[PDB]
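Below: the structure, in structure tokens.
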Amino acid sequence: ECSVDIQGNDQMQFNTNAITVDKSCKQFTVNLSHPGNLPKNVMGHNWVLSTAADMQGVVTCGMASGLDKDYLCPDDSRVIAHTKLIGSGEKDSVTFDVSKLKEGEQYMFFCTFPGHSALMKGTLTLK
Ligand SMILES: [Zn+2]
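For what it's worth, the entry's author numbering labels the leading residue of the sequence shown as 2, then goes sequentially.
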């Protein structure tokens, strides 16, 4: 409806590649969980949303910020929404206002844990 449940596993994979946000939604929520066995310092996953153009810079800034900031730069204006960084058996939800999205743009979601973004990314589109 106006939410999606996403799992990030021990093989650096999200279980979706593409999220659609319905125009009727005023908020949208992502419920993130982490099946598998590995703790967050070795296989952490977050779900972070930006424009496609901003993805790399978000990722690089996160790398500079490190594990103790959950691999995101504090106050990064390019981050539309984000969960916290989670490890196995943990969960986190993020809810954001759909007014923050422009219609028909293919934003990207991804994990900013070192090395996860090229495998752990997808599109989000407001339709
Ligand atoms: Zn990850």
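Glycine included, every Cβ here is placed at the ideal spot set by N, Cα and C.
Distances from the CB of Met56 to the heavy atoms of ligand 1 are all 7 Å or more.
The C-alpha of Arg79 is placed about 6 Å away from the C-alpha of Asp55.
Comparing alpha carbon positions, the residue from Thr96, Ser89, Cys3, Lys122 closest to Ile81 is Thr96. Counting only the Cα atoms, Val31 lies some 12 Å from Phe15. Secondary structure note for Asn32: its beta strand (DSSP E) is the uninterrupted segment 28–34. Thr126 has its alpha-carbon roughly 31 Å from the corresponding atom of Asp69.
Beta-carbon to beta-carbon, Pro115 and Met64 are separated by about 6 Å, close enough to satisfy the 8 Å threshold.
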